[PDB]
Amino acid sequence: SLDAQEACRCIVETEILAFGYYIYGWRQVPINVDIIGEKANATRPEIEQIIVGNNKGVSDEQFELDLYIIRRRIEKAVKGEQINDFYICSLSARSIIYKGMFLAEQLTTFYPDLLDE
Amino acid sequence: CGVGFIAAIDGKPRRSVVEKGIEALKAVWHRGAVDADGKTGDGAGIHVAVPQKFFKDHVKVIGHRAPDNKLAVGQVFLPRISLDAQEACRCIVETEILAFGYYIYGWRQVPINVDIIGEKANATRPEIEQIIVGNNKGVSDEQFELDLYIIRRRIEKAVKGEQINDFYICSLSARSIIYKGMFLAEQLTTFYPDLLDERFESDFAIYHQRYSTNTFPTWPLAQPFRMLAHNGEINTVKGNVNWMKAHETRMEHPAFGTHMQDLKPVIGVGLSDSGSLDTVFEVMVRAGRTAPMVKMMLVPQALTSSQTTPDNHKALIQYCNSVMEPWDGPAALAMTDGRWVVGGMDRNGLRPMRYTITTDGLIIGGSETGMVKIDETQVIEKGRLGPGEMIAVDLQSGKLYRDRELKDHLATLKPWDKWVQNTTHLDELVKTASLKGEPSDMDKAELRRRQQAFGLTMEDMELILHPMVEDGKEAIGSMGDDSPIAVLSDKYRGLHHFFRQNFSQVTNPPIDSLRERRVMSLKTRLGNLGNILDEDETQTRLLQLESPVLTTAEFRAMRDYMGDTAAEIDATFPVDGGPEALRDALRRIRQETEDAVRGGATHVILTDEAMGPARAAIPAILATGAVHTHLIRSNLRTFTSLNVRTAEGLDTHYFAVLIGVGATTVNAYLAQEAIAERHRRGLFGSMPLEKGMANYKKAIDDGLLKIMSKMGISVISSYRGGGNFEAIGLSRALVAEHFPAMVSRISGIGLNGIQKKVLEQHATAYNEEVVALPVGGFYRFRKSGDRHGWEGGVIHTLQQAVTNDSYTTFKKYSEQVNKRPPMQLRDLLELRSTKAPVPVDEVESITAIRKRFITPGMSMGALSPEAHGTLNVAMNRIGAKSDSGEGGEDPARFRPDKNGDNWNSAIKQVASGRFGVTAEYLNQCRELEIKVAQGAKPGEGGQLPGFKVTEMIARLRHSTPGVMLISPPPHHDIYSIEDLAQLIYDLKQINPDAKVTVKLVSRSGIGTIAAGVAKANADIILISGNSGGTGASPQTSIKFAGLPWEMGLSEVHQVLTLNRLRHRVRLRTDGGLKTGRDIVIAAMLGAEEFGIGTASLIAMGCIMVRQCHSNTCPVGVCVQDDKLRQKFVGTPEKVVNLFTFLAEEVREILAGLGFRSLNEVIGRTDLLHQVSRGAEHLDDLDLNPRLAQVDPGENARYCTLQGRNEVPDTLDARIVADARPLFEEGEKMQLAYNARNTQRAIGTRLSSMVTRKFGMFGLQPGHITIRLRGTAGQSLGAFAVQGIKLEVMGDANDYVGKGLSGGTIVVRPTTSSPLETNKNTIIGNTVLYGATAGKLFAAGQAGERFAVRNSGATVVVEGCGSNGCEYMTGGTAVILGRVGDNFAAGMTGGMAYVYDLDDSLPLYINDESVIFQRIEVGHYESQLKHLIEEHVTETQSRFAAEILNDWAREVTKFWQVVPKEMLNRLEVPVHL
Amino acid sequence: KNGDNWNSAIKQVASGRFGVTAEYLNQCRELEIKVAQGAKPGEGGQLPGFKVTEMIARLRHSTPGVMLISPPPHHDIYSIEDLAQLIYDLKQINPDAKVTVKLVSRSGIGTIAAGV
Amino acid sequence: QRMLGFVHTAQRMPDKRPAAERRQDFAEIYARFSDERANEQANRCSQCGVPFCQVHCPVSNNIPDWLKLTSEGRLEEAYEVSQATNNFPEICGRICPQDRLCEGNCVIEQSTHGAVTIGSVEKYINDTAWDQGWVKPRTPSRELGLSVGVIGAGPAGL
Ligand SMILES: Cc1cc2nc3c(=O)[nH]c(=O)nc-3n(C[C@H](O)[C@H](O)[C@H](O)COP(=O)(O)O)c2cc1C
Ligand code: SF4
Ligand code: SF4
Ligand code: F3S
């Protein structure tokens, strides 16, 4: 459905802006769906990224704590509305996670971003 | 698609009921959506009574003892993937059922057969099981049903607590059972072999099949539901749910008890409209009421101000309307209480419902009158159902109640007339109010300072306010909107400019507000909300206003009546507050409101009269939204009202959005002050002030009705507080927090931008010495106003480059266009490739690109003949398609000229008026087109002034010279998507070579509509925009309706790709295309073809005068006068040069990018980036929702099939194979077949062959005749030409004789039927829709909207229904019986005769445009005599024979109805 | 002109050949040989001397006011080989029509039918 | 009246004196409109969107607005509208070459219907206001303490 996506986006944006951080925008991760099988493709989710910047000038550890609290609150809020097929693979200023249901060797094929310099 | 019900009148169970139900389900396969797989369905269901002996024998076999009472059987859908969730669901069900004490006999697995389901409906199949619960406590039946319902609700809540998906309870009761799924209709008894048993006997049965708009089925969404079955769709669900959320917090009843706490959130999540309606229906039935009472309280009747109904029904309807908000929308209902069985219709009566009584005491009702085969000598009475009617069966007593008897029986329970007298009106209050307390008007300086603070220019008072007070109707504009959108603007645009209105495409029909105004109410009630589960006199004690808008005197009267229960709230924030003053003010007011409501205040007056040099005014919309949402969330909105005093309210779109957000009554005092000030200067002339105020209020109410009717809502009480708008440019958080339910697909400004704009305008107004108002440019270009898309230099440069044929000047024009600051959505996108440039000459030829441009349709009513012909000849010269638009076309233009010019048009349109649609008008084109909604005025009908209709257009449209022609908003043929499929089938039958195009308008929710219309075998989609031009339309519809095509196109493309359907249909866009960059961007977004339109008109001489509606365009482009048409300067070479330059630009751009064809760039969205305007504007627009790329898969990203999408073949083929001597030899024929309801459009292909061979009038009458025996299908004999005679023995379903073109149809009951011919319905709704010539003799009663838009036909029918003979224009119609309400509405030409025996015509007629008298001239008596003689000769009736026998005494019973406009144009005067 | 075509889709080759010409056999779809009639088997049709008006005399190429009795035999069909010859003739003169043989019910008709 | 009367009226400039009489004196050659003729010649406007009469006027007066406020009586408000964007309206109406600035690009002039006589209506509405004291100097409310110098007393200087 193209309407549940909008609800998820507005929930994320209304929960992140409650602390005061500045949202730079969304980005669509480039993928290559010619390598996935059929049973792993019928339930494929829409992968996206959100770029949140820190403008309050708080330290790093306080920023990480705020991000964790925001993640927990977003999870609870989206569970309140009973929306399925929604997940946050990571939300932090330190690390990132690229994961999926492909073969091991085809990881850099499904995610060409990792082929960057 | 359809509903149906079967009932044994006496109430004795028998197997024949279930047998006939299955047989009826086996014959609805022609309306559903066929699939190439053959196994994929989209829903089916049946609902019957529980076979006690079956389950009791099963229990005996298991080993228990057969109990004494009735059994309880539940049917559940459990998860199938995991084997552990099933155990959790089972233990939850067993621990919740055993909590009451009932004995569980065990589970049973339903036998199924999975070899018939498709693949997509099988991957999500649930595990179907049954639970057998017996009653051992010995409680009564009703208490047992109540316990079962409570247990079901508790189980649902408990299983929702653990967050377990794919779990459903299809039924849990001791009375009924439901077998439903996602298979085909005919395969129901194959998937469920249990129904093939010999012990399944019932006394009632309901069946339903649906038609989905997407291809992802889910099993818990298949009807019938539990105590409801619905056909159609409900318009008002976003507003009814918000009212249920406030009704819940006060409802209670001693029947439930403490367990009431577990039924508070009555409307869960994940339901459709027909699911929420069913839930509220069940929760109201289970509390004491009966099914008829609940049906009357939920979907009431049109409370008419006519003496044709007794006062008892009026009091009952008043009570019902006061206690609950109606659930509008096209709806045919077949519901069943535990005891009653009801079949009912909605307020307007759109969907069809027809029933039949047999001599076995059996009643069968459904959408088609030929589903169940019944020997023709067993029927007792056939009938139909009008608007608001109903028919009920009492099973426990075994009786049948028709409409009138049921109403008279229902008006007996409670003394409604004694109860209704508690209400008080307001006119009494304003009359008893003493003629004192009149305050003094503000000073001119103060008024100007308060007007300047909001941005009111002098052009909002000379252009859009003077017509209101002068006449009583709104302004009229004559061109599209080329002004920038709200966020990209730079002036102070009010907050009400960010909300676009809504409307309805094929899924719902709009409502006509000019003629069907009797079914639209503007009632407002203060002190209404309360316990919706009670029946007492305290429920109807409130205050009632006849309009939601109030004058100042009426407001003061209402305030003095309110007294010490109201609480005033300030709505101003300090200008010196700081960077977050507006948020603090919002917080403050939304806290004070809650604190005042808890303190006993029952009325909230939100005023802003404290605005001064140090306090700015909060935008009223934001304030009322915050307050209403807070009151709804805190369970306090059920206690008070919400009254707003605004200072910016001057236009009709303001009141609309304020009432849509949640306000109850709206007061606008500054507009009244301005009217008074303009009056004392003596500008209006000699009219009093009260007359001016009355005219202004009437205009505002009519505009409110127009805005309300674009969606299909006929009541204001269910429209208030629903959010029937769409915000474009407001941040996601702000809308999701302060507004109930609206979509902002792109985020926009937050609160800081609003605060900044408000403060800037306030400072400009209050610190500068103001002496006058700015002239302002919003509707006309001014140097001080905003920027426009079409300025002067642009027009002059384009005309020079087109005339002198210099490509360099065209590049100059294009650069001038592409250098202005951003004004539309496509100005922030930027092209960015990664390949290397290629030489220009390598790209495709200019011809292969010019063959991708088309010109849109522009009617001959708007344009002049010269301009229309010039466009047509210019577009047929380069090889591209042109368009004719509505208004028909000239036949003399069907052949090429002597010089080689071809004045024809390759695309014919089928508008809502069917103004020139004949049988030859359709066989002279290469692509047909259905116009659902126009870009400029969505959800409305085109207009044409009275002086634009010359003699030539009058002859071309078959109308009256010199009368305003306004098109009907709805379609009268398209009331859902199955009707759209039927119409497309008809069009593909009449023209075997052309393609069918469906034209929509960009908005939110267009993806599902596009996925639905793609399944109806449509093969071209056209997505217009909000900036398209028009000939004449109101200003508010031009400026405040629609959305840019960047949204609609990018939504339709993605939704079509997701459903694996893009490879079948093409996409076409238009509206605001000026250069080549725009075309390349549109091609990247997904389109394939393009329409130009307005720019073409500029190439022929138009200079944007914007006076098309006044018939005085100086150049002579849109003019019907002669002395002005002699000024035309157009020339086809101009348009050819325009298109050549436009294609060469695209070639240059594609070469610069790196591709060699447009096919290589279609759909490649990743070649577009979004750039910001800078770090000084601070708008958070994110266009990523339209840059998301859905990967196609195997198929390409565009249409990859040649020729149209084919359709199945009807009976016509056999006829063409049998009457070959007619087509080769040229001789008479005579054929006889058997007609069945599964055969659509009988006799249309034959009409095509005859038209191509001889023409419309090449054969004598009755040259080829066909005789059918049985229930014909739909659209029987559509587009039949002279020389064809159909004769049906039996009945026809609907649309009989649609678009007749000289043929002849005769419908009569079979010779061996013992039926009174004049008291049984024989044909259905929408008869003779838009006929031009021919005859039709029926020997029964017609349906609704009989003979709408008749132009030349002649019909003799023995009865009629409601809204009959509506908007007729030509022909004669004789009705030998009774008629319905609103008869002869909007009629403007022809004549009618009514045979009134009861003398009840002056009560039903719509006596405004027609006059009715008695026949006093013999020349008109011989006419009637000959018509009735022809009727008797054809149908061999007996009623008409008797009327002809006793002629001298019956001639004095006929009323003659003649339009007013034709009173001085006829040959023989009707008088002496 | 009402399209009512007055033609006949079956033409007979009687024993007298009273109007059989070259155009009479090319204006049909399906032919018919009449060997014996149901009422009078082994006999020729009769026509009284006063039934023969001038129109019928011109249509049959005969003398007005003369009794016309058809010959019982065929003078062309004396055995089955002559019947095959006549069928070949009829199928050659009209390349689109079929040939129908008309018999009368009696015993021994089975072998005659297997022969024809 | 609804001012679109260019269809059934013909353009005609104000009164002129013959050539044999013009050659002697040194006075003007035209005359001021009459009331019923000005209220007629100002009615031929069309209130066209995108007004070319204003795009090509170097000072860019709000021409349609006072052409409207003149065609309905209401001469004082028309004077206000005309004066609020031009300091010497009558001098301009007397000397400004109109065939190349405003009268030469009117929408009804491009279609051979003649041009709305703009400058003559400027003269009429700006001189009939002078006789009835509707003209007043713009004395500053609060005298600001600064001094500015200019060189020359031509149009720009004044
Ligand atoms: C004068 C005029 C008349 C029009 N008449 C019709 C019409 O009868 N039916 C219709 O579907 N569209 C009509 N249109 C709209 C065009 O079909 C098309 O949608 C529009 O011109 C596109 O706007 P654009 O030129 O800015 O691209 C009309 C437009 C104009 C300007
Ligand atoms: S003179 Fe012509 S262009 Fe100027 S305002 Fe009048 S109608 Fe418009
Ligand atoms: S005559 Fe007046 S309006 Fe015309 S160009 Fe000169 S100053 Fe402008
Ligand atoms: S705006 Fe309209 S009136 Fe003529 S000049 Fe252009 S088509």
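Calculation notes
Residues numbered from 1 in each chain as written, not as in the entry; some residues may be left out. Chains lettered and ligands numbered in written order. Part of a larger assembly, values for the part shown. Heavy atoms only, no water. Near = heavy atom within 4 Å. Nonpolar A, V, L, I, M, F, W, Y, C, P; charged D, E, K, R; others polar. Contact = heavy atoms within 4.5 Å. Buried area = accessible area lost by both parts, 1.4 Å probe. Salt bridge = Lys/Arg side-chain N within 4 Å of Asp/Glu carboxyl O. Polar contact = N/O pair within 3.5 Å; in protein donor to acceptor, adjacent residues only side chain to side chain. UniProt positions renumbered as here; feature names shortened; annotations may be inferred. Helix = DSSP H or I, 4+ residues; strand = E, 2+ residues; numbered from the N terminus. 1 Å grid on protein atoms, 1.4 Å probe; cavity = no way out; pocket = protein on both sides within 12 Å on 5 of 7 lines; lining within 4 Å. Points joined across faces, edges and corners; volume = space filled by probe spheres on them. Core = buried A, V, L, I, M, F, W, Y, C linked by side-chain atoms within 4.5 Å. Buried < 20%, exposed > 50% of the residue type's maximum accessible area, 1.4 Å probe, protein only. Patch = residues over 30% accessible without salt bridge, like charges linked within 9 Å, V, L, I, M, F, W, Y side chains within 5 Å. Areas by Shrake-Rupley, 256 points an atom, 1.4 Å probe, with all protein chains shown as cover.

In its metadata, the entry names cryo-EM as the structure determination method and reports 3.5 Å as the resolution.

A. Local environment of the site of ligand 3. Around ligand 3, the surrounding shell consists of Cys-57, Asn-61, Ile-63, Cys-92, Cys-96, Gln-98, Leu-101, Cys-102 and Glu-122 of chain D. A breakdown of the residues in the shell around ligand 3 according to their chemical character gives six nonpolar, two polar and one charged.

B. Representation of the interface of chain B and chain D in the model. Tallying the contact residues gives 22 residues for chain B and 24 residues for chain D. Buried surface at the junction of chain B and chain D, both sides included, amounts to about 2200 Å², of which 61% is carbon and sulfur. Here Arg-681 of chain B and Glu-77 of chain D are joined by a salt bridge, their closest N and O atoms 2.9 Å apart. Scanning the region where chain B abuts chain D turns up six residue pairs in polar contact. By residue class, the composition of the side of chain B that touches chain D is nine nonpolar, five polar and eight charged.

C. Structural view of the site of ligand 4. Every residue lining ligand 4 is accounted for by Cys-1102, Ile-1103, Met-1104, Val-1105, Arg-1106, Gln-1107, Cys-1108, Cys-1113, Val-1117 and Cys-1118 of chain B. Residue composition of the shell around ligand 4, grouped by class: eight nonpolar, one polar and one charged.

D. Structural detail: the UniProt feature "binding site: [4Fe-4S] cluster" in chain D. Residues and elements named next belong to chain D. Listed under "binding site: [4Fe-4S] cluster" in the UniProt record, and renumbered for this structure, are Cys-92, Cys-96, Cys-102 and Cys-106. The residue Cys-96 is located in the loop between α6 (89–95) and α7 (107–110) in this model. Those residues in contact with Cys-96 that sit more than four places away from it in its chain are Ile-91 and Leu-101. Along the chain, the position of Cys-102 falls in the loop between α6 and α7.

E. Inspection of empty space enclosed by the protein at higher detail. All names here are of chain B. Here the largest cavity defines a volume of roughly 210 Å³. For the largest cavity, the lining is made up of 20 residues, of which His-1053, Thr-1057, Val-1190, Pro-1192 and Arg-1197 are closest to its centre. Ranked by the residues each element gives to the lining of the largest cavity, the list is headed by helix α32 (residues 1045–1058), at four residues. Taken together, the residues of the lining of the largest cavity sort by class into six nonpolar, nine polar and five charged.

F. Expanded view of the side chain of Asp-328 of chain B. Residue and element names in this part refer to chain B. Take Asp-328: it is sitting in the loop between α9 (311–323) and β10 (331–336). Engagement of the side chain of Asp-328 in a polar contact is seen with the side chain of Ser-714, the distance being 2.3 Å. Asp-328 has contacts with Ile-234, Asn-235, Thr-236, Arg-347, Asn-348, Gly-712, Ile-713, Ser-714 and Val-715, leaving out every residue within four places of it along the chain.

G. Spatial organisation of the arrangement of the chains. The interface with the highest contact count, out of three pairs of chains in contact, is the one between chains B and D. Across all C-alpha pairs, the smallest distance from chain A to chain C is 62 Å, and the two are not in contact. Between chain A and chain D there is no contact; the minimum C-alpha to C-alpha separation amounts to 39 Å.

H. Fine view of the nonpolar core. Residues and elements named next belong to chain B. Among the nonpolar cores identified, the biggest contains 228 residues, and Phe-499, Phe-573, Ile-621, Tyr-696, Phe-739, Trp-790 and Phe-810 are the most heavily contacted of them. Of the residues forming this core, the biggest block, eleven residues, is contributed by helix α36 (residues 1132–1153). Setting aside residues up to four positions removed in sequence, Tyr-696 forms contacts with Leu-465, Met-468, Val-469, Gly-649, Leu-650, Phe-655, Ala-671 and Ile-675. Counting residues in each nonpolar core, the second largest holds 60 residues, with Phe-1223, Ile-1305, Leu-1336 and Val-1379 among its members.

I. Expanded view of a nonpolar patch on the surface. Together, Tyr-22, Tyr-24 and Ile-51 of chain A together with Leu-1178 of chain B make up a nonpolar patch on the protein surface, roughly 440 Å² of accessible area in all. Within the fold, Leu-1178 of chain B resides in the loop between β38 (1168–1170) and α37 (1184–1187). Under the relative-accessibility criterion, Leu-1178 of chain B is labelled exposed at 53%.

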